[PDB]
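Chemist: Going down the list, the sequences are from chains T and V. If you're matching positions, the first sequence starts at 59 in PDB author numbering and goes up one per residue. If you're matching positions, the second sequence starts at 5 in PDB author numbering and goes up one per residue.
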Amino acid sequence: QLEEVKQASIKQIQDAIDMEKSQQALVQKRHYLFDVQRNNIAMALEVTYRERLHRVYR
Amino acid sequence: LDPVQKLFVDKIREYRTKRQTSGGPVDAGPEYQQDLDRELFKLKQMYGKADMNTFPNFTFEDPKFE
Numbered sequence: 059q060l061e062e063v064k065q066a067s068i069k070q071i072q073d074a075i076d077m078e079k080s081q082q083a084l085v086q087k088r089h090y091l092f093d094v095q096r097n098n099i100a101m102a103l104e105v106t107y108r109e110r111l112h113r114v115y116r
Numbered sequence: 005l006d007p008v009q010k011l012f013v014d015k016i017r018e019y020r021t022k023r024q025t026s027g028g029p030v031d032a033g034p035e036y037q038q039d040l041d042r043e044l045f046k047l048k049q050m051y052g053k054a055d056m057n058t059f060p061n062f063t064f065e066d067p068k069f070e
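#1: Quick check on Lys-53 of chain V: does DSSP put it in helix, strand or coil?
#2: Using a C-beta to C-beta distance shorter than 7 Å, which residues of chain V count as neighbours of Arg-110 of chain T?
#3: For the stretch 42–51 of chain V against the stretch 61–78 of chain T, do three or more pairs of beta-carbon atoms, one drawn from each stretch, fall closer than 8 Å, so that the two count as touching?
#4: So does the stretch 97–110 of chain T actually touch the stretch 49–69 of chain V, counting three or more Cβ pairs closer than 8 Å?
#5: Is the shortest distance between the beta-carbon of residue 120 of chain T and the beta-carbons of chain V less than 8 Å?
#6: So with Cβ pairs under 8 Å, would you call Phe-59 of chain V a contact of chain T?
#7: Going by the CB atoms, is the gap between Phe-62 of chain V and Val-114 of chain T shorter than 8 Å?
#8: What separation, rounded to the nearest whole angstrom, lies between the Cα atoms of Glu-104 of chain T and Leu-91 of chain T?
#9: Counting contacts by CB-CB distance shorter than 8 Å, is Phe-45 of chain V in contact with chain T?
#10: Run through chain V and tell me which residues come within less than 8 Å of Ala-102 of chain T, C-beta to C-beta.
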């Protein structure tokens, strides 16, 4: 008798945990990729303007 | 000459003659000129070859966001 009731209570929380975390994870990183990506991009456009002033002045 | 300023004169009128030649002072002559020609050229070697009497203009571009 006792096995199945405790077995279900474990197995359910097992599937519950991953999936609320899986929810959060997909959102957050992916929003966190976006603005990441666009760092990296905009990083260079100023350098090049920046660096250019030095290069042309030389 | 040693009313000492006369030795400045001694030099100076030969500056006066030389500067009151052409190029201002010349008589340095072609031998000077080959010497010039090298270092004036040699300068360009360090230094690039174009608008040393006009303004250089430039260009602005990108490869990719690698």
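Virtual Cβ for every residue (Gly too), placed ideally from N, Cα, C.
Modeler: Taking the definition as stated:
#1: DSSP places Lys-53 of chain V in coil when its eight states are reduced to three.
#2: Going along chain V in sequence order, the residues near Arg-110 of chain T (Cβ under 7 Å) are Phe-64.
#3: With a cut-off of 8 Å, the stretch 61–78 of chain T and the stretch 42–51 of chain V do not count as touching, because too few Cβ pairs lie within range.
#4: Using a Cβ-Cβ distance cut-off of 8 Å, the stretch 97–110 of chain T and the stretch 49–69 of chain V are in contact, since at least three pairs of beta carbons, one from each stretch, lie closer than that value.
#5: The shown model of chain T, from 59 to 116, leaves out residue 120 of chain T, and the question about it has no answer.
#6: Output row for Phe-59 of chain V: interface = no.
#7: Between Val-114 of chain T and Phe-62 of chain V, the gap from beta carbon to beta carbon is short of 8 Å.
#8: Inter-residue distance for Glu-104 of chain T and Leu-91 of chain T is about 21 Å (C-alpha atoms, whole angstroms).
#9: It does not: the Cβ of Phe-45 of chain V has no partner Cβ on chain T nearer than 8 Å.
#10: What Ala-102 of chain T touches in chain V: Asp-66 and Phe-69.
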